[PDB]
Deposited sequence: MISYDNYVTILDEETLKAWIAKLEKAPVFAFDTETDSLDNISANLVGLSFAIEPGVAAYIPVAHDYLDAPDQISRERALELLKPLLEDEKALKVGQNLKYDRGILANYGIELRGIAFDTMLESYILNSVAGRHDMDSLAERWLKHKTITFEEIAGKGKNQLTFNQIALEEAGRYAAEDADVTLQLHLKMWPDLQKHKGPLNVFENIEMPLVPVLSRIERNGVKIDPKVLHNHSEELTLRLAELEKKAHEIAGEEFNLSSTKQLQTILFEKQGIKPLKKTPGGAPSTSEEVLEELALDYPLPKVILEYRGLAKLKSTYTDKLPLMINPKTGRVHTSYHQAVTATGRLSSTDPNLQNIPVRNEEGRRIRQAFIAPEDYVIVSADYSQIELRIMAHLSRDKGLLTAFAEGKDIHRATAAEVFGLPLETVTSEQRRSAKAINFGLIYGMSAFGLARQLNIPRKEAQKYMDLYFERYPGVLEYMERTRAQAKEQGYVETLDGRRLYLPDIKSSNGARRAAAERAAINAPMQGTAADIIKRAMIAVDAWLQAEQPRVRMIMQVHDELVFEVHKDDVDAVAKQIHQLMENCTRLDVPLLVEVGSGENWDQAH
């Protein structure tokens, strides 16, 4: 148990100063902030904790205000004394999710520098799939130590306390332990992170430098117009009512729009093969087949999609506007995906329909402030260009080299016809093949996406490998080393460990073999995107132009640029993204602008 004897609670300047002096001569020190909220932009600093050595840590309360709380160094005095150390790039800090901390300090005009180690990221790079990368999971895995939980000091449910209401010493136990455990975790993981120059490279030049740029992107937020969203909601209520009527009218009586309950009894009872359509889904969608002739499945389909969209973005988004900035602040997660791509929540920007009109209207609500424009910079099929390189295929490499549509180029070879004559159906077939290879899909899988018979799909795949031999050789070689070493790598050294690579279980080893082929391309795209963000952010920080990087979704970076600077800025973003990342993969950045994200997109 952690008691009040473990860590000191600093309540006077003289003592704070004695610690600042020791901190100033330490090789590295753990740092942590405690606040009255999870919302970064509006949270208030309540206290700070440091750890100079395992077992030697302190908690400095500055804003606890429960009834009769003892005197504390003021938030302002503590920060002016701590500011020099915190802003000194030479004073190296360790922490668990330093992104949060860097931002809190920014609420006071302090730029945390020396952001050298983040134990969450050390863990993530050591093995992204070892398990959760939060401090409590980490402490238990590497230290066989269970940490004091927030719920243990604050309580649960609606009556949970906010940090400023917790007694000084209890808050101390929690806060000082964080700092202490964090430093211990670093001492155990940092040495390990050196057994290999690949992960070390990614951790050092990709992951750590990205910490402060994500903080800045998140705190910038994005301007969302709530009127547009509201009218879209009202219209969707009318449209959903209308569709409900159109459905009742196509059949007879009233009924819910749920399959395997009300639909199979109507749809199949009036002709159609018995199997219902599961919302599995993108592999055999019963309702959409019928759609080509049967009108009911069509309106039920278009109904559900609209209902999901309304409650997920039309009704939720306006509620996400922060009263303090008047903008929305999405959460980017840097240590969650297995391949290294950034994920996103509240809102999850990647789930906004891309090829659909309603998705387009959602994006029309992401607007640029007065005298500014939204700019979208996209890496054209970066994953496919990465495959051309990894397969050393002169065919693909040349297609990209001369600017041809790889899907039409691919079709012209697989079907053997001039590029000008390739039809829309042939382009659609080549495209399914191409993107199917990335996700390592089976000839049968391809068939299920192309709506053609088995072995006909096999026919297309054999023709492809004959024309593009380098891709089969890459695929075989990759599944090989995957079994030889138990993991695959990205161009920068990032690793995805594949434990079921020999699973014996068919399905699991199947998944592990698809992952083997895929991860290197997706992880590499991820690494390129992060390097571009770091690069563009560095220019932004150095030159201070009239632009803000507000979003990162899929393979695009979105900015707010002053209307009178768009041309020079576009030239610059463009050169940085395709000339300041990797010079080996043939990259192309499509830059576009408009009044909203939909127009620039």
Legend entry - Gaps in the model (deposited sequence, numbered from 1): 280-283
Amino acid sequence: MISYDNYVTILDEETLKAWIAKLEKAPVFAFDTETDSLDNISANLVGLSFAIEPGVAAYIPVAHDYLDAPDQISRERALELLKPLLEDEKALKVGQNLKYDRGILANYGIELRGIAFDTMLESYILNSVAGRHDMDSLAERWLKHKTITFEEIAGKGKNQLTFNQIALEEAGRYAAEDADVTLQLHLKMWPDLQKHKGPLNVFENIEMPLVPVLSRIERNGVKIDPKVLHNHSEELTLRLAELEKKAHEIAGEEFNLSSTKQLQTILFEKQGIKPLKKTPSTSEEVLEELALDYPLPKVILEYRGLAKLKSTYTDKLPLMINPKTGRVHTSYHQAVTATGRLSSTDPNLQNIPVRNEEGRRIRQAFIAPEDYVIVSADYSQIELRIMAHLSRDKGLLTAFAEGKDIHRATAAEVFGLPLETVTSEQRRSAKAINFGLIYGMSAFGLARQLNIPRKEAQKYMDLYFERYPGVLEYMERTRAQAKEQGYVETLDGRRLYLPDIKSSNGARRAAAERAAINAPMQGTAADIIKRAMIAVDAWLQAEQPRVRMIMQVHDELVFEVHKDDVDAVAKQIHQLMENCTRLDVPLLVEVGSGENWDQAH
From here on, numbers count along this sequence of modelled residues.
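If you superpose the two forms and keep the largest set of C-alpha atoms that fall within 1.5 Å, you have the rigid core.
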Inset, instruction - Would you mind working out which of 343-351 and 246-254 sits farther from this form in 7 other deposited structures of this protein by RMS C-alpha distance, with the rigid core as the fit? - result: 246-254
Inset, instruction - Find the stretch among 287-295 and 358-366 with the larger RMS C-alpha deviation in 7 other deposited structures of this protein, all structures being superposed on the shown form by the rigid core. - result: 287-295
Inset, instruction - Between 398-406 and 461-469, point out the one with the higher average CA B-factor as the PDB entry records it. - result: 461-469
Inset, instruction - Pick between 574-582 and 6-14: the one whose mean CA B-factor in the entry is higher. - result: 574-582
Inset, instruction - Compare the CA B factors listed in the entry for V328, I374, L105, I452 and report the winner. - result: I452
Legend entry - Largest Cα B-factor, entry values, listed residues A154, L243, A139, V94: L243
Legend entry - For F255, the third of its chain into which the C-alpha B factor falls: highest
Legend entry - B-factor third for the C-alpha atom of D527 within its chain: lowest
Inset, instruction - Relative to the other modelled residues of the same chain, rank the CA B-factor of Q165 and answer lowest, middle or highest third. - result: lowest
Inset, instruction - Just say lowest, middle or highest third for the CA B-factor of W190 relative to the other modelled residues in its chain. - result: lowest
Inset, instruction - Please rank the C-alpha B-factors of the chain's modelled residues and tell me whether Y174 sits in the lowest, middle or highest third. - result: lowest
